[PDB]
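Both blocks below hold the same protein chain, though in two forms, and each is given as structure tokens: structure 1 and structure 2.
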Structure 1
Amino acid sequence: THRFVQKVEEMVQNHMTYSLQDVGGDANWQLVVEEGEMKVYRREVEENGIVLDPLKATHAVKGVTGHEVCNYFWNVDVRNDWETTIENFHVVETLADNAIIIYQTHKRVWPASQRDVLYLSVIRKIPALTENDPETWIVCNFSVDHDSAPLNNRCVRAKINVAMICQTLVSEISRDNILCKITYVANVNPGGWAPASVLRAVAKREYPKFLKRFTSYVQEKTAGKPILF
């Protein structure tokens, strides 16, 4: 029990309530990119002339579990093996063995100024509501304030609320018979000002690239390892 336990529970619960819902029938979501099972949607939202566009994506990855996907997403030690848009990150504080606070800087995208982020990252297993329902693994990354926040005069502080939410279907169980269903949501306030066209182009390019790359890394690192359910 660190000082964020209840904020964490609230963020996680909101994601389980709202983020998991299907949006196939919801015209409010614009489907922007589809590549097979990977479906990437946005809402066009601006606040004070700053693009906030909520991002929501679903995906189905063979041969990995939600537990594996989330560990890989959460574990700072493999971060540099799949991240492409990060200049630097530092663990600011270890809250618990499933929760840390991270500082990171994002590669500049011309012509906007560089962004940095300060966020709590927590991984949690949500037990099946009923023996009918799936268990879910979730990673939530959400912005928090912290005293040990670096001075970075090059950077505008973005604020994020991101969740990677995983449920695993299975048919000795082999990788051949396991499917991981992902819902990934990212609400990012870039702060300051950045050209709308830039923000939307970066999102449209980088989210599908991230999801394809990250999931493929998980498949590759796990294949021929015992399944971690």
Structure 2
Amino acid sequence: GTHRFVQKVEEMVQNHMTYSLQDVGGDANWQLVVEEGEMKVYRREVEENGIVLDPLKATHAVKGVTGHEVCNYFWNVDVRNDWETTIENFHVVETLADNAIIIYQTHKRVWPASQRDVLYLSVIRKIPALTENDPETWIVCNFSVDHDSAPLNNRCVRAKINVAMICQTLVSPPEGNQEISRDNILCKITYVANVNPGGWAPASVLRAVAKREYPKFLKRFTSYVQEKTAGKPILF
């Protein structure tokens, strides 16, 4: 694209493709904090200046949906209020391109602390596969940016985020005369969130809230995509 954030977008996407896809199950810096079905949520305990920064990584596998579909739903602001439960208000600050926008939103007070807001560029991209034997990758990157129309608030502490939802479709076509159905596709998801709360709060509580809220979102959101796509032609 030609918008002013193209280089930053490419950098963020590249960093996610190399660092975020790395296997974390046998990485002792990480702890498996939540497991349920195909869902696993891991976190790395990190603080700077007493502020909790814990990188979060979740993996999931969702039957019957494609990575394109999952990423479309996650990115599309027109369905945001259908699945998101942690937001108070949001609006689009600017539209940069057909696949890239800047969003301002305030969050419900889930932490024992002041309300947080956030101002982020949200971009959906396809990373082509090197071979037809591999899956294409779809990724939505949400990362903080500044904008003149959304300066610091008087009432809210400005959090900073670097989040990616990265998805690949696996297909297992049926053995004979049948056409591929949704019974034959599975979406592998890696979701990474690095959130800087923008000020101090008790780590024990922030960690409990993350352990509760991320798996709640992932189940609700993935269920939503399953419901909304059920019975429709497959969007690879």
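Superpose the two forms; the largest set of C-alphas matching within 1.5 Å is the rigid core. Residue positions are counted from 1 along structure 1's sequence.
- Taking the core as reference between the two structures, the lone member of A149, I126, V109, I86 whose Cα moves by 2 Å or more is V109.
- When the core is overlaid, the C-alpha of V23 ends up 1.1 Å from its other position between the two structures.
- Superposed on the rigid core, the forms differ at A96: its CA is offset by 0.1 Å between the two structures.
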